[PDB]
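Report on the following structure.
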Amino acid sequence: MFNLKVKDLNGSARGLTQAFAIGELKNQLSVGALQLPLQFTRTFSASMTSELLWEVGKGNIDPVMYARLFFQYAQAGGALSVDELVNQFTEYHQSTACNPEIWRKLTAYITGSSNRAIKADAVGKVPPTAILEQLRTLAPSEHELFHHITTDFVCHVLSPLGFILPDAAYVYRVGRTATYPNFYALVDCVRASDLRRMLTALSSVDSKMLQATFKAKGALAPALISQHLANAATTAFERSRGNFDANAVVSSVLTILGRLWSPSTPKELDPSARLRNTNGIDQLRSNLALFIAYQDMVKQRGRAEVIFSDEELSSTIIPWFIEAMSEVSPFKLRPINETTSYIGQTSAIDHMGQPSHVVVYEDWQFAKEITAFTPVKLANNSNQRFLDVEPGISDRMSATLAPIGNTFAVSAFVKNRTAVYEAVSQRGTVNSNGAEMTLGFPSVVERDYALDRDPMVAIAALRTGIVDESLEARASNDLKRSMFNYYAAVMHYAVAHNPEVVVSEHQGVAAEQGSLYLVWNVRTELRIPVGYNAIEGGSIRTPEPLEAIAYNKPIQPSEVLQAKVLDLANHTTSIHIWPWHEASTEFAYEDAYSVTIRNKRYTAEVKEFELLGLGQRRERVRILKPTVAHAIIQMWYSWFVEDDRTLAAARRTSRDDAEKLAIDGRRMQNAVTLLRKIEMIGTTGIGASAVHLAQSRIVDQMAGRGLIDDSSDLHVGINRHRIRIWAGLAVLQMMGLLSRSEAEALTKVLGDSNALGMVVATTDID
Amino acid sequence: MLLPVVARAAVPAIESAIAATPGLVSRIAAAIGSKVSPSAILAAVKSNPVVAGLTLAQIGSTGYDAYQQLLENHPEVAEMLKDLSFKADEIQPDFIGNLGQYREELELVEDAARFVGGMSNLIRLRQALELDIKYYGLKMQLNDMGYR
Amino acid sequence: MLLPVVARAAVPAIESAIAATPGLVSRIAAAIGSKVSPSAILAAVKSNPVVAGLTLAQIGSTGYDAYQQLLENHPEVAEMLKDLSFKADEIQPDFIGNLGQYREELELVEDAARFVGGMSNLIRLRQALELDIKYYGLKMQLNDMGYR
Amino acid sequence: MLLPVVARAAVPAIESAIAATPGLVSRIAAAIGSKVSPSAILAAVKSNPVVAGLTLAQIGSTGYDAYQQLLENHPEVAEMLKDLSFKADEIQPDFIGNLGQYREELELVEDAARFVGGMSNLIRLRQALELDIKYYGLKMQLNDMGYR
Amino acid sequence: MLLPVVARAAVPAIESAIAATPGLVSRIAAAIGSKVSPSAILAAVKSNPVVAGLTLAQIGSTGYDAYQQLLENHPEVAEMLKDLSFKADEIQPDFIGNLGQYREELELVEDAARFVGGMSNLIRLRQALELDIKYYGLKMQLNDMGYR
Amino acid sequence: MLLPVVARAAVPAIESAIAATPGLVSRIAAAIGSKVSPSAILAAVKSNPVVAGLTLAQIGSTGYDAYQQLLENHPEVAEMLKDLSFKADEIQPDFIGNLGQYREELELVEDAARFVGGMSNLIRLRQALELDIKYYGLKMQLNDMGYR
């Protein structure tokens with residue numbers, strides 16, 4: 001839940017405004033003075049890609065995912081750039097491929113014979129950990145990811161010969177890929193293609209002729225192996241050599257797109273009719289991810305300069321970039337209507353038709369699986385440890401979380417916001433301010449849970465535009481990437497729902513030469529402007545991508561948004577080096593149920609192992625964190641509390657009779673559905689066991705006091721509906737899905753309505 | 001190069017501090033590592049925002065507003081200046097053995113706080129029990145008259 | 001930590017209070033728990049907004065504006081700062097026995113208010129019945145002339 | 001409670017009024033129902049915005065800006081403050097007997113206004129028929145030259 | 001033409017410097033090449049922003065804020081103004097010979113930074129290994145009591 | 001009709017010019033062509049922005065700020081007021097014959113500019129060749145160490 005004023009959008013939400021995107025700290029940005037229309041029809045979006053685990057210790061070389069591990073080691077490791085990383089890798093590969101001594105020494109080691117041939121029967125086995133440990137000494141570097149890529153190259157070319165043990169395995173995690181390409185991401189997608197051309201020549205080395213002469217003769221000298229490896233190393237090194245700067249390719253192909261996008265380019269510096277008729281410029285011209293990447297380029301750099309020969313060189317640098325993009329990459333070209341279909345929109349309407357509140361939300365799918373593992377060391381002062389999954393606990397919690405996913409839809413939250421805003425509406429037009437916008441993105445709070453980050457700093461980043469410098473790099477570098485993604489996704493939604501876009505050029509203060517921005521030409525049939533513009537002429541021209549959402553109709557999401565759980569079950573024998581401790585949580589819990597029976601209070605404690613079917617308190621086990629479930633439940637809670645606070649604010653100043661009865665009936669209907677929801681949770685696996693244990697702890701405490709059994713018609717029903725509400729809160733307390741402060745405030749809201757009394761009043765008969 | 005938006009308020013405050021005293025000019029010249037002359041250190045301030053921030057750390061009486069303005073404009077000068085500006089504070093000899101005497105007692109505070117709820121719930125429960133009896137009697141009499 | 005928009009108003013007020021009197025330095029040193037030196041308590045203020053609010057609750061003449069500005073720009077310090085800043089009022093011995101004699105008055109007032117409407121309608125009705133007769137005559141004559 | 005935006009402009013105004021004269025202290029203590037101490041009336045102001053509005057009504061020159069700012073930031077206080085802060089206007093002796101002589105006049109005025117148009121149109125028509133004839137001749141001359 | 005926002009700050013500062021001393025009027029007339037009269041140099045300043053920047057660089061004690069505001073509002077003029085306002089710095093005789101002695105030192109610094117991480121990480125690690133042992137004992141004791 | 005934001009700075013400036021001297025009243029009455037009374041010229045200023053700008057061009061010392069503010073806020077009056085305020089500059093008889101002697105110089109400068117790049121590139125190349133040789137040696141030694 002992020003609340004913004006659509007009128008004071010500068011001081012309200014600067015982190016998503018286009019003035020901030022092209023360098024306006026002030027509010028000064030023009031209406032469409034000088035204009036040039038454009039029609040976007042494609043975009044480079046990433047796929048539906050989430051993070052996963054991949055293992056490197058085997059004899060395979062997968063070039064796309066070694067490229068991906070370079071991405072994560074360069075960016076998410078705090079290193080310089082994947083451009084510099086691929087440059088040092090080319091230097092390393094040149095030094096080991098143009099050196100004949102190395103490919104003799106580490107074949108002498110892994111064959112055992114320096115000068116004399118080996119027979120076909122006296123063939124032993126050396127594990128790849130040993131050849132890695134001596135490759136570290138022979139060919140030194142400072143990056144382990146080069147020694148891995150050399151190790152499994154030589155294990156790939158020796159594995160049919162039978163000189164290596166297939167035993168060991170070893171696994172890293174790969175990270176989260178952004179959807180919308182930055183300038184730097186375009187540079188990196190050009191370098192990653194050249195690295196993939198490097199590695200796919202190493203991946204094709206067969207040693208079929210070496211195996212054939214081994215079988216035919218019975219023996220082979222180590223010099224044939226040392227030649228057959230050092231030939232293939234140089235065949236990849238020959239692919240490595242003779243490349244373009246990715247920076248100077250992308251900066252030159254984005255600058256000429258700027259100069260033929262803008263309406264006010266000088267006649268001097270202006271692309272001629274040859275390069276303008278380059279095969280492919282007509283497709284890169286109507287592309288939107290390139291527009292926002294151009295804005296980010298001229299934002300960061302400030303200006304742009306050409307280096308290449310602008311007549312014949314640049315008319316054959318462009319299809320190299322087209323091939324780098326059109327290759328299998330993270331970023332694929334798609335139509336503009338495809339990439340942003342999980343967004344939905346609704347609004348609260350006046351009698352004239354004007355919006356008062358507008359809600360924009362992401363449509364999610366509740367993930368309902370969960371895993372419990374235990375970490376097992378290998379040796380002391382060595383973080384090589386690996387970790388064992390435990391069925392019979394993860395199965396219990398999965399079977400408990402699977403009914404809770406069938407009651408927490410995301411459409412049924414905005415559908416309750418709208419009923420609130422239609423039930424508390426007066427009869428009077430809205431003129432004093434624009435229609436305030438709430439945007440419900442569970443992904444913000446989900447990354448706040450996933451990185452252990454305060455939500456105040458993300459809300460502050462979206463509000464005042466800037467990020468904080470106090471927090472560390474592994475959270476700031478994800479905050480800035482997330483913030484760029486939200487700006488880009490807003491503009492894809494706005495352009496895909498208002499395809500009438502017209503490019504201007506900002507030159508008011510003009511701290512740059514030319515920095516472009518769209519405007520929209522949405523037709524409205526309204527009279528009073530939301531935001532601040534002029535509504536003249538049957539249509540409005542607005543520069544900002546959020547007001548163009550504030551004039552739409554209700555839109556329905558066609559696709560859910562999906563996050564998948566990480567994979568500990570399949571590879572359970574490998575050792576784990578990725579940080580398992582940030583993505584797992586400690587699981588221990590204590591709760592207690594109290595009830596007064598004729599002026600005497602009875603308390604029943606309960607622990608988590610008694611609920612989980614365990615007898616012994618185990619203390620090593622850790623749950624992999626349910627961030628999607630927790631984020632959906634947090635958005636639901638914050639919306640429930642906000643709706644109740646607005647109805648309590650409007651019931652006091654209603655000053656009417658029928659509208660006052662409507663507000664009161666709305667509150668009662670609201671609280672009884674909340675109570676039935678929690679009580680339906682408290683009949684699941686953990687909840688029913690908590691009931692059957694807390695009842696036993698109560699009953700064996702009434703043992704000394706002889707008391708007469710009660711009516712057993714209503715009294716059983718009342719005590720049943722109270723114990724189930726307690727169990728339903730306790731299970732969401734014990735899984736991380738609810739804090740104790742918010743469970744306590746939710747209990748206060750349910751208690752001050754006499755909601756259990758109004759529910760039991762419909763289990764009587766008069 | 002320092003941006004003019006910072007420089008407009010940053011330069012005359014440093015110049016007024018130099019006109020107040022020249023004894024800090026030798027201090028900032030030995031601190032940054034430039035020439036002792038005011039024109040040389042002012043050119044270093046104009047050409048490097050890190051040198052400007054180190055001068056606005058050496059003087060902070062009048063240069064606090066200019067320091068905040070350079071802070072709000074450039075973040076990277078702050079990210080480097082927190083590392084370049086670090087004074088290890090003096091520690092007492094009795095500090096860790098003194099802190100060992102409170103282990104028995106912070107545990108007792110937390111074992112109360114887990115039961116009561118929050119820290120604020122503990123403080124408000126402590127105040128409510130330490131409160132006077134006549135407030136309880138006033139509460140009972142307002143409930144007797146029919147108010148809640 | 002403390003925001004600079006608040007701190008640029010907080011720091012000169014504390015500086016003026018310390019320059020005005022040194023006894024309040026010892027007062028805030030005993031109240032917060034910092035060292036008695038002005039540099040230490042000023043560092044505690046600049047480090048922690050709760051400590052800044054406790055100092056602005058200690059000094060009250062020139063610190064009210066900075067205190068309210070901190071309460072504006074820090075909404076999350078407010079409940080804990082209220083729980084820490086609590087002085088119980090001194091209740092009189094005669095108050096609840098004095099209140100016990102107004103149950104006769106208040107019940108009659110509430111019955112008449114439930115008859116009329118709201119308390120605002122009761123007050124407006126009482127003022128209209130207490131109002132002068134010439135207003136009734138004026139209302140009758142303005143209705144007689146064709147005005148409503 | 002009182003908003004800080006109101007409170008920053010409201011509290012030193014009441015403090016300056018008390019520092020101006022102490023004769024208003026007993027006046028506002030009798031008007032609200034507080035004790036005669038300025039700390040008591042200041043606690044009542046900071047607690048209840050209706051009491052804050054009554055104090056900013058009792059002091060009139062120095063607190064009119066804080067009164068209007070309270071009335072801006074609190075629309076809820078306005079009707080109850082108008083109900084409490086009421087004083088009856090003194091009526092003239094021959095007011096209604098003087099007003100009875102204007103039924104001849106205002107009927108004729110409204111009947112003329114119906115035929116003319118608006119009251120603004122009747123005022124402009126009265127000024128046009130009161131206006132000098134040289135303007136009519138100048139209009140006819142500019143139309144004689146073909147200017148319209 | 002020159003911007004009005006720039007001219008409102010640039011014209012009275014130059015005219016104040018003219019009324020201060022006319023040797024600077026002769027100096028800027030020789031520097032730009034206009035006629036020596038104040039009206040002629042002011043008509044050049046109001047017409048050409050490059051000439052306005054040259055004059056606001058010729059007077060620098062009192063025209064610094066207007067000069068930097070011109071440099072804010074006109075970023076296009078900055079390249080040509082920097083090119084025309086350029087002087088060669090007097091280089092030192094022992095400088096490059098003293099610099100060639102430091103290839104042994106900078107290579108070791110950069111080799112250490114390649115192992116550690118960034119230069120910020122190297123500075124922080126050098127500070128930590130320069131730090132006293134009592135802080136390590138303090139962190140061990142807080143971990144011993146159960147505090148991460 | 002003049003804008004109020006313009007008029008609130010224009011009207012007291014004209015009033016200050018009238019309070020300075022009354023000869024300017026007769027001067028602007030002869031210039032604009034209105035009645036010589038100050039009320040008539042002050043009404044003409046508020047009635048017509050063209051007349052307002054012509055008055056602010058007649059009086060020059062204090063009216064330059066309000067004149068630039070009028071030129072900011074009124075774009076439509078700019079071309080018309082530039083036409084109405086035109087005076088021919090005095091031209092010298094030897095100016096064109098003195099200018100004719102310089103084509104030999106300017107043609108060579110334009111050819112060298114076409115070769116090098118812009119005039120900025122020509123200036124930078126002329127400075128780079130005019131520079132000392134020790135800078136070339138310093139560049140060579142920083143490349144010798146391996147720094148680029």
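Those protein sequences? They're chains B, E, I, F, D and H, same order as listed.
For the first sequence, the positions run 1 to 766 when the authors' numbering is used.
For the second sequence, the positions run 1 to 148 when the authors' numbering is used.
For the third sequence, the positions run 1 to 148 when the authors' numbering is used.
For the fourth sequence, the positions run 1 to 148 when the authors' numbering is used.
For the fifth sequence, the positions run 1 to 148 when the authors' numbering is used.
For the sixth sequence, the positions run 1 to 148 when the authors' numbering is used.
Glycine included, C-beta positions come from ideal geometry on N, C-alpha and C.
Problem - Alpha carbon of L108 (chain I) to alpha carbon of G63 (chain F), nearest angstrom - result: 37 Å
Practice task
Check the Cβ of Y64 (chain D) against every Cβ in chain E and list those closer than 9 Å, keeping chain order.
Solution key: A7, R8, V11, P12
Handout entry: Contact with chain B by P93 (chain D), beta-carbon distance below 7 Å
Key = no
Problem - 8 Å Cβ shell around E84 (chain B) - same chain, five flanking residues per side excluded - result: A74
Practice task
Spell out a yes or no on whether the stretch 505-521 of chain B and the stretch 104-111 of chain B are touching, meaning 3 or more CB-CB pairs, one atom from each, closer than 8 Å.
Solution key: no
Handout entry: Residue closest to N48 (chain H), alpha-carbon to alpha-carbon, out of H:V36, H:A10, H:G23, H:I133
Key = H:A10
Problem - Near-chain B residues of the stretch 112-137 of chain E (beta-carbon distance less than 8 Å), N- to C-terminal order - result: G117, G118
Exercise for the section: Look at the Cβ atom of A246 (chain B), then the Cβ atom of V298 (chain B), and state whether they are nearer than 7 Å. Expected result: no
Handout entry: Residues sharing a beta bridge with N287 (chain B), DSSP
Key = B:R42
Practice task
Note down, in chain order, all residues in the stretch 586-600 of chain B with a beta-carbon under 7 Å from any beta-carbon belonging to chain E.
Solution key: none
Problem - Interface partners of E72 (chain D) on chain E, CB under 7 Å - result: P4, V5
Practice task
Starting from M437 (chain B), trace the beta strand (DSSP E) both ways and give me its first and last residue.
Solution key: 436-440
Handout entry: Cβ contact check for the stretch 418-427 of chain B and the stretch 334-343 of chain B: 3 or more pairs under 8 Å
Key = no
Exercise for the section: Name the two residues that bound the continuous beta strand (DSSP E) containing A592 (chain B). Expected result: 590-596
Exercise for the section: Please confirm if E238 (chain B) has its CB atom under 7 Å from at least one CB of chain E. Expected result: no
Problem - Closest residue to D144 (chain H) among D:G117, D:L99, D:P4, D:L142 (Cα-Cα distance) - result: D:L99
Exercise for the section: Select from the stretch 74-89 of chain F all residues with a C-beta closer than 8 Å to any C-beta belonging to chain I, and list them in chain order. Expected result: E79, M80, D83, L84, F86, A88
Practice task
Output yes if chain F places a C-beta closer than 7 Å to the C-beta of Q141 (chain I); else output no.
Solution key: yes
Handout entry: CB contact check: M145 (chain I) to chain F, cutoff 7 Å
Key = yes
Handout entry: Own chain residues within Cβ distance below 7 Å of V36 (chain E), not counting five before or after
Key = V25, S26, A29
Practice task
Return no unless some Cβ of chain E is closer than 7 Å to the Cβ of residue 824 (chain B).
Solution key: Since the first residue of chain B shown is 1 and the last is 766, residue 824 (chain B) is not available in this structure.
Problem - Contact with chain D by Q68 (chain H), beta-carbon distance below 7 Å - result: yes
Exercise for the section: Using alpha carbons as the reference points, say which of B:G434, B:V328, B:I292, B:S30 lies closest to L526 (chain B). Expected result: B:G434
Practice task
Using the Cα positions of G615 (chain B) and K607 (chain B), report the straight-line distance between them to the nearest angstrom.
Solution key: 11 Å
Practice task
Would you kindly work out how many angstroms separate the C-alpha atoms of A219 (chain B) and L165 (chain B), rounded to a whole number?
Solution key: 21 Å
Exercise for the section: Return the CA-CA distance between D454 (chain B) and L561 (chain B), expressed in angstroms with no decimal places. Expected result: 24 Å
Exercise for the section: Find the residues of chain H that neighbour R103 (chain D), judging by a C-beta separation of less than 8 Å, and give them in chain order. Expected result: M145
Problem - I18 (chain F) - DSSP class collapsed to helix/strand/coil - result: helix
Exercise for the section: Answer yes or no: does any C-beta atom of chain E fall closer than 7 Å to that of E469 (chain B)? Expected result: yes
Handout entry: Residues, ordered as in the chain, of the stretch 434-446 of chain B that lie near chain D by beta-carbon distance below 7 Å
Key = none
Exercise for the section: Compare the C-alpha of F86 (chain D) against each of H:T55, H:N73, H:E130, H:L138 and name the closest. Expected result: H:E130
Practice task
Put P375 (chain B) into one of helix, strand or coil per three-state DSSP.
Solution key: strand
Exercise for the section: Check whether the stretch 268-278 of chain B touches the stretch 19-32 of chain B, counting contact only when three or more Cβ pairs, one atom from each stretch, lie closer than 8 Å. Expected result: no
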